[PDB]
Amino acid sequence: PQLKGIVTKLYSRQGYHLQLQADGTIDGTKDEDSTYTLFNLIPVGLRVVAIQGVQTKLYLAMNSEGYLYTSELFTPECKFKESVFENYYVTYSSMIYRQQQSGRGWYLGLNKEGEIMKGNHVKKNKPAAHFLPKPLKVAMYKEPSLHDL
């Protein structure tokens, strides 16, 4: 009910700011000033976060096929493991889905055109998976109510 999180923008190493538009579409934009680039990064576990669009209140999520989508309710598919990369970047990966052969994780990523990619196509060591967080402020959050899939 009282977790300390952060209000922040997520700047893709690919040159685009992550965005969650009112209609639920997820992509990257250069309109840094867009209110749809603001997210609540709420800890829901050890280096596990929920990524919620501030304006829409929607959570980013990844399904079993690797597609990213927006969820009104906080569910297991809304949890992302946060990992630091090359000191300044962070990567976000699914907590429940990964490659059945190597165990390689599925990640949040934007291509060079600033388009959202399938989680299983995004590799941890590639720029597509790297985000430079640009914090606005620290804030307190009610621990999101967890709902089964």
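The first residue of the sequence shown is number 1, and the count goes up from there.
Between 112 to 120 and 76 to 84, it is 112 to 120 that carries the larger average Cα temperature factor according to the deposited entry. Note on 15 to 23 vs 128 to 136: mean CA B-factor is higher in 15 to 23. Take 35, 40, 70, 93 and read off each C-alpha B-factor from the entry; 35 has the highest. Per-chain ranking of the deposited C-alpha B factor places residue 100 in the highest third. When all modelled residues of the chain are sorted by CA temperature factor, residue 58 is found within the lowest third. Sort the modelled residues of the chain by CA B factor and residue 52 lands in the lowest third. Ranked by C-alpha B-factor against the other modelled residues of its chain, residue 6 falls in the middle third.
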